[PDB]
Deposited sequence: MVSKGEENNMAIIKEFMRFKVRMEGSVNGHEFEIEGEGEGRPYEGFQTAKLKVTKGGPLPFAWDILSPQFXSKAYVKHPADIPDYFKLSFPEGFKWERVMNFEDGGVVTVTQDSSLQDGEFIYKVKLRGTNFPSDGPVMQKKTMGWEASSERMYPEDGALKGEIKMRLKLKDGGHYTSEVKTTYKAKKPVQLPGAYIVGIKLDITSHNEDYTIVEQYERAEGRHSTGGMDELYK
């Protein structure tokens, strides 16, 4: 029967560095892929506590869980079980840069995610390295087919604790491991929130809702 069930779990591992500080994270998540929501519980397993804002990592922890209207081919779901890769660059307005690569697959009944991230050039006195952030505004990820993959572009807005925001220009390329039907251009509306964290953000739970529309 259907490869992807109405309820699905995942496991994730991230290896990363930000301004040369190495860390690892392991987590697990679950959600309802056709309804477009999911939760994740992440643990810093190496390199904790992190000396920077969790918020730059949160968008790196799951595109199988986007609700898609029936007339827009669901590139992500169609790619399983083999799955898809994605690569991302986030150019923040004060010059920090985060580059990410990710592999998604369906193995032994659950999604498996492997992420590698490199952040550099965050100013030492900036909101990222000083942990002065408080979560992302809703995003519209503009998806368009290009050069045989699905490209997404976002101008993301990170809220500041004091009031105000901090901007990032994001480009992602999502590419199935086997050829799959690409959609036309469309938009994925996304909202991500940290719903729980321990004091030093070595255990973090986050909730995301995502839905495609024309």
Practice problem: Could you name the stretches of the deposited sequence that have no C-alpha atoms in this structure? | Solution: 1-9, 71, 225-234
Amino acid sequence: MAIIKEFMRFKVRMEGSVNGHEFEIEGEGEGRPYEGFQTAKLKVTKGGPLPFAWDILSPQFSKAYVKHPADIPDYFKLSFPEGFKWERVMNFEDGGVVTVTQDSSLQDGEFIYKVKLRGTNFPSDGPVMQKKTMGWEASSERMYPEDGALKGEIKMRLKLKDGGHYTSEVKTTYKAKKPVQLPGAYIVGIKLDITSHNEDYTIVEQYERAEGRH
From here on, numbers count along this sequence of modelled residues.
Quiz item: Which has higher Cα B-factors on average according to the PDB entry: 203-211 or 1-9?
Solution: 1-9
Quiz prompt | Residue range whose averaged C-alpha B-factor is higher in the record, 103-111 or 130-138 | solution = 130-138
Quiz prompt | Options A70, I56, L50, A176 - largest CA temperature factor per the record | solution = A70
Quiz item: Which one of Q181, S62, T39, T45 shows the biggest C-alpha B-factor in the PDB entry?
Solution: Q181
Self-check item: Within-chain third of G163 by Cα B-factor, per the entry
Solution: highest
Quiz item: Among the modelled residues of its chain, does the C-alpha B-factor of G119 lie in the lowest, middle or highest third?
Solution: middle
Quiz prompt | For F76, the third of its chain into which the C-alpha B factor falls | solution = lowest
Self-check item: Among modelled residues of the same chain, the CA temperature factor third for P145
Solution: highest
Exercise. Could you tell me which third, lowest, middle or highest, the C-alpha B-factor of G189 occupies within its chain?
Key: middle
